[PDB]
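Protein chains in written order, with the deposited numbering: chain SI, 2 to 174; chain SK, 1 to 176; chain SO, 1 to 140; chain SE, 2 to 261; chain SM, 78 to 154.
Virtual Cβ for every residue (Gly too), placed ideally from N, Cα, C.
One structure below.
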Amino acid sequence: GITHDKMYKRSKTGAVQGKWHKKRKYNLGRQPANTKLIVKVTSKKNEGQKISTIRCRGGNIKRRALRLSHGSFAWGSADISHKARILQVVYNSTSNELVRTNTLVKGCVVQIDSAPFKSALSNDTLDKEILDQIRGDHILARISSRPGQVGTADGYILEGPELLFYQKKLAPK
Amino acid sequence: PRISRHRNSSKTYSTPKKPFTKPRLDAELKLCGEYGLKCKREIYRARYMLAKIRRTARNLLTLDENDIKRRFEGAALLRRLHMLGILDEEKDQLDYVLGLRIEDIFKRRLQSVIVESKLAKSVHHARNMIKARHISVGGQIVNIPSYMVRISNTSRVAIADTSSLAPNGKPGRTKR
Amino acid sequence: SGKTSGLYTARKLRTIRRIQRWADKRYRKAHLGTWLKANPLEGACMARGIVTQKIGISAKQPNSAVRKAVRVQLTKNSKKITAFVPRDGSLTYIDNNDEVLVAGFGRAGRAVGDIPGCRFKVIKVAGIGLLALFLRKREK
Amino acid sequence: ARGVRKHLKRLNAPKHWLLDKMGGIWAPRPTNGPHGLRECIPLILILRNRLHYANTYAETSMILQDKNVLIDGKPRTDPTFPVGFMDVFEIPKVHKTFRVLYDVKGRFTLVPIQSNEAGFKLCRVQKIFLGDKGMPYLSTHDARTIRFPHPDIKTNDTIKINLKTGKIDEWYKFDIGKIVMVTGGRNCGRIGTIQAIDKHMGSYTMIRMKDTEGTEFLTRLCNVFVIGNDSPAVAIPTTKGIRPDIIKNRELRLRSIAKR
Amino acid sequence: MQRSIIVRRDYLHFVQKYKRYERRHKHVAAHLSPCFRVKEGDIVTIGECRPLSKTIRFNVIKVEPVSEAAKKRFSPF
RNA sequence: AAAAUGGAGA
RNA sequence: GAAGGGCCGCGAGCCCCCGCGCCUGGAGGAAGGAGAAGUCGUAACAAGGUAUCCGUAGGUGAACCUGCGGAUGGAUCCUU
RNA sequence: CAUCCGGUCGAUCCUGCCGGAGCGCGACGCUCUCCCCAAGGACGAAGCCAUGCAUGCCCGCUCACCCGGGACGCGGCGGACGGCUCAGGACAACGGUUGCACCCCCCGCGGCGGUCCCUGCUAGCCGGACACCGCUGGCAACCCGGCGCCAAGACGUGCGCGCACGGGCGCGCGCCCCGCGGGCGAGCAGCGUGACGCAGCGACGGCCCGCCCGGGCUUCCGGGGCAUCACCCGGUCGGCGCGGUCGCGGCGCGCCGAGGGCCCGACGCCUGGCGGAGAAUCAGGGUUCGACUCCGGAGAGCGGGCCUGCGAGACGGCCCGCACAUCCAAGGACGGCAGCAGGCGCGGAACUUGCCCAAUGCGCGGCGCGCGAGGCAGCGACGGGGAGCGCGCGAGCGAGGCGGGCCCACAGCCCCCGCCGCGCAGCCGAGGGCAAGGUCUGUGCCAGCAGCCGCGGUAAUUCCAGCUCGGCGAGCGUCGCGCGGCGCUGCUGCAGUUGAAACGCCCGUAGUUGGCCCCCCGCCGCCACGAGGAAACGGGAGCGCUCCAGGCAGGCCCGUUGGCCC
């Protein structure tokens, strides 16, 4: 397998250790998942959001980021949550190339739709910055769940001077 | 794992450090005649057994009395040597092993008892009589010459019924 | 000898022993590793082979007679080395190429006794021991 | 290498099993179960050798299956049945039942046991671990883990079993100096009471044990198997923990050698 | 190294052939945090931990800075 | 002033 | 949803330049070594007939000789 | 377990090495009347394999021109165990010490065993759908062609308690330190809230958690030579994110900052380099070897990839690259013995193309089978441990012949009985060390001998033989080897004014070494000294195989053993 073994890496002093044996199945590595997010299904129907379960050591079952576009967010302040399909991947931060293919990454800042979260405007001015994001149908949030290992699209909502730090980049930079 | 091959081997026969020394050489023949030993490997076999019996005592002597490793081993040393009779049971001393005699191990050998008790009256006669199954310890007939009997049961040495003791009725070629 | 002695000097003594170990002719003989490659015999009691040209090496002094030996190429290393024949008049049996085993002269390298320049000694010819051929114990 | 393995050669046998090195191409490995590998002496020797009820292991194979031994109601065909301290080997036909106690010489030996003693078997406990969605459980030294234990007890409590439903007989709690019975190192069949606790904010707790002989010795608390809240409360071996010494062993056999 | 210190322990090894010793040394890496900044020549404990990185497995806890220059002296503490 | 050999091996 | 195709993730091998490292083939040179009786001188060992000997240069059939600074293991433990 | 002696000479006293002398292991050679226990293709060939065998076991589901014996298949589980060889591999493998609150696991074993339902519902039992077979296909084989029915303790749809309950989420203790309990040494688990969501199994309801278990990392202390290898690494080295894995991680993939490691020898290079438990020989102190029992690691001609599974990069799994094959009818296929025999090759050399599951363990399985694992015999001067060829004046046996007994999967063997009994030896020397003829024959420094030191030049204690005789002995010698010898490798414990040897001289950095001196404190080191540390083996209880070598048995028995030191 595409192993992940210490012997393959050089020693700290720069020694190149010859591997004692061949590569091992419990040290096996797998295909990095490139997640697919649909801006619109529109006329085409060939692609749908499908998830992959894979064989693992010990029989454990792993859900994967095969095709995930629908997304869930729980307002930290409210503790209530709403589920819809998120707009796309906006701030991978590791690479801007990943954003183009909408490859989802754990806790990568994304573009969030407000199809069921428009209800926030009914409460009086809760998170006015979120209120300005919710009516627009475009928000910022980090999908804080592991997509490749556990196939999860549930995520937190961005609130706090952390959202402002990201927003300063998200607005013109 | 070749389980039946598993075993151990021993080296009773140990040759000396300088072979052609006149005193050692002469004593060999002199001892060979005294106890009637057929092969010269045996005297060295005796030397190896004698040394082990000499070292245990030297190390034991350098230990203080009643030291458990000393006390248990000392009583052990005396027990085995007293059984042999080379150590007089009366001596009863861990230090008494030192000054030991090779002649005493030879005396313990059953071939020797037969000559001494006049059972065959000669070492040459003794080996021949044992070869012809004519001396039995406690009645257990042995044809190997060096039965080696503990002194504790020396009084139980006996002759054999086949043609020496009270003839069973098998006089070798004479019978037929 | 100066000697460096201290509770923390296991370094000087360790290097010195390792370096000054290889000073003896005997130590270097077994520890350089040259001797296994250098010896015609590959460090063995006997080596099979085929016989080549016979040889009559003059002796030195006191010994003053030619001692017939046969030069044989050992099959394994493809090298030709001479082997001293055994007892009196034992070379007449050995003539053309025949299976010959060769053994050490005791010294293990030095030429035996006073017969100069011969390192090895033949022990067999054909399939029969050459010391039996001499006694006619085992002969063709 | 590769996956897990299931074979044992006749040298890898723990030297406390005292199975003979000779007369063995391969050792009897015990199958995993209530009792761990090192501790359980395979039941083949218990019937084939100690009892000498079976001439061969094949003879142990012939009768073990048909309900001939029942600790907590179970026999099995396997002569690798897992067993340990205070396990009541039960034989109806032998007209007797027995508890295997660690003999001083480090091999668990069956002591013929009375039916009241047959009723109770003992397994130690460690610390309560949440199991079943937080529904409480207690970790045990032998595999008998149970849900809903006594709520107040906290750590290192010995436990006894009725052998059928076998609900915990007693939650013995250590009071320090409580009659203890560690069984590890040289504590094989040794009786005493505890003294000094050296947890030391460090691994392996050293507990000193004062003894009837007079010896106080620290040890891993891992091998503790308390005998009674006070007194042995369960019959101990014929040694009674007194522990014999090699000098007597030569004499006890020496009279025995003359006596036979 | 960023937020990382290389601490050197010294081991005195008894060699039997010569009862004199060798001062072999080892340099091990850990993770310091700006909460306890370190001076040169300090006694720094390292805790056995989760394997952090390729060389990182330890983490600093207690720092005791020594005055002026501490040099070495091969002192194991 | 010149002024050189001394076979082998008991 | 197979036979296929594609984008690729891995991946032995290949090829082309090198950077090593180990092994080896040589026409012929250039040495070393060994065996009772070869040659030409005869250097040194007695101040061995010019006492040696070292370093360094120069020559030289061949050892050797010569120049200059030393050391005696010198043939001088010794006259203002 | 504390040692010599032959040799530089005209002699002496030396240094110094050569040689014997001791001891183990394998060749080799000369040889064997024994008997018993026994290693056995490790040695620059992990070279090639012809020929057979080496993981098989039960039919829930049998409807098979049978019987109570059941084929077959579907399924169930095992072939990830073992056996073998150490090729590769030098902060690795490896021994012991940590932890995994960075983690998976099948067997078994003790708990749990509520499982909303949107949909379809028969929920007291729903499907349609494959083998076996039936019928007829090809090829030179390999290889498996269709069709037709047909069942499952086969496979699949689905009922059932929204404190449904799959994970994984999102989110919610603290309040300067520390204690509390489901808690630990450690604020860790769990619960609640909010969003999803479809794990159970279930068509004969078993998912889940523990315990064990075997892994998977990991912490320290160890873990070949070479400096005629000194500066080396460039994901290299620290962070910062992320992917990926059972999992932590440069492991990968982005992003940065310039780090790492070194004369206490880094990096490099080499290794006829598997490490250890061990083994050899020795007073101590050592030295040497570890492939073979066992223990861990690897690897099945060679590199890669992959499946199946709970675990293998398995190789008597697969698929490709590369070599080399085999069949091959020219169209194809199909290997893998560093498993057991047995060949070829190779070398100095290294066992039956045997029998075989009764045991000894392991698989499937309460009513037994397999396992060239092993067991057994064969072979076998690897080696051991113990007899004989007489003793005596008579008569005595043991190598054997035949039958019995005994024995043994089957036979054998010791043994036990009788008629009988066919007792029978080598290979090294004889000048010294080193023990034993200046006997007697050839003999001319010739042959030859000759470890060594030395003999044969015409009168040999030294060869060539027959005398004799010394040693050892059914084993003797010849070699190569390791140790002792050898304080000739020196730490103990060596030399250096002339034997072998003080740098031509001085500064100098690491390195090594620093006087007295502060009683009491705290760390070093340091001993005493425990806990917990697998054996085998060895030190070492007890024990008479016909005596040991052996083995851990034995008997009216310490709960008889097998203690104890490793």
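Could you spell out the range, first to last residue, of the beta strand (DSSP E) harbouring residue i?
i: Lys139/SM; result: 137-142
i: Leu100/SK; result: No beta strand (DSSP E) contains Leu100/SK, which DSSP labels as neither H nor E.
i: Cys124/SE; result: 122-131
i: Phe120/SO; result: 120-125
i: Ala69/SO; result: 67-74
i: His83/SI; result: 82-86
i: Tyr92/SI; result: 89-92
What is the DSSP secondary structure of residue i, reduced to helix, strand or coil?
i: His96/SE; result: coil
i: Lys20/SI; result: coil
i: residue 180/SI; result: Because chain SI is modelled from 2 through 174, residue 180/SI falls outside the range shown and cannot be assessed.
i: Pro23/SK; result: helix
i: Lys79/SO; result: strand
i: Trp76/SI; result: coil
i: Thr156/SE; result: strand
i: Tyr27/SI; result: helix
i: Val115/SK; result: helix
i: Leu109/SM; result: coil
i: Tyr157/SI; result: strand
i: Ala30/SO; result: helix
List the residues of chain SM that residue i touches, going by C-beta distances under 7 Å, in chain order.
i: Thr9/SO; result: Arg97
In chain SK, what lies closer than 9 Å to residue i by C-beta?
i: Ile247/SE; result: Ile68, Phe72
List, in chain order, every chain SM residue whose beta-carbon is nearer than 8 Å to that of residue i.
i: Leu101/SO; result: Those within 8 Å of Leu101/SO in chain SM number zero; the least Cβ separation is about 43 Å.
Going by DSSP, name the residue or residues bridged to residue i.
i: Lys63/SI; result: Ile55/SI
i: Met210/SE; result: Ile195/SE, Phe218/SE
i: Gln140/SK; result: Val137/SK
i: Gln66/SE; result: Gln66/SE is not bridged to any residue.
i: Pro16/SK; result: None, per the DSSP bridge assignment.
i: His102/SM; result: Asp87/SM
i: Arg148/SE; result: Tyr138/SE
Just reading off the alpha helix (DSSP H) that residue i is part of, what are its end residues?
i: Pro173/SI; result: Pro173/SI -> no alpha helix (DSSP H), and no H or E assigned at all.
i: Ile53/SK; result: 41-62
i: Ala75/SK; result: 69-84
i: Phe134/SO; result: 130-135
i: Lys12/SO; result: 12-21
i: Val110/SI; result: Not the alpha helix (DSSP H): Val110/SI falls in the beta strand (DSSP E), residues 110-113.
Can you list the residues of chain SE that residue i reaches, using a CB-CB cut of under 7 Å?
i: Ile3/SK; result: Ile26
Using a C-beta to C-beta distance shorter than 8 Å, which residues of chain SK count as neighbours of residue i?
i: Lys10/SE; result: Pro1
Which chain SO residues are close to residue i, counting only those with a beta carbon under 8 Å from its beta carbon?
i: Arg100/SM; result: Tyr8
i: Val92/SM; result: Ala10, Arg14
Check whether the Cβ of residue i lies closer than 6 Å to any heavy atom of the ligand MN, and answer yes or no.
i: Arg100/SM; result: In the structure shown, the ligand MN is absent, as is every other ligand, since no ligand is present at all.
Does the region 102-113 of chain SK come within contact of the region 82-92 of chain SK, defined as at least 3 CB pairs closer than 8 Å?
Because the criterion of three Cβ pairs below 8 Å is met, the region 102-113 of chain SK and the region 82-92 of chain SK touch.
Using 8 Å as the threshold, is the region 84-99 of chain SM in touch with the region 242-261 of chain SE, meaning 3 or more CB pairs across them?
Of all C-beta pairs linking the region 84-99 of chain SM to the region 242-261 of chain SE, fewer than three are shorter than 8 Å, placing the two stretches out of contact.
contact_flag[the region 22-30 of chain SK, the region 145-157 of chain SI] where n(CB pairs < 8 Å) is 3 or more:
Not touching, per the Cβ criterion.
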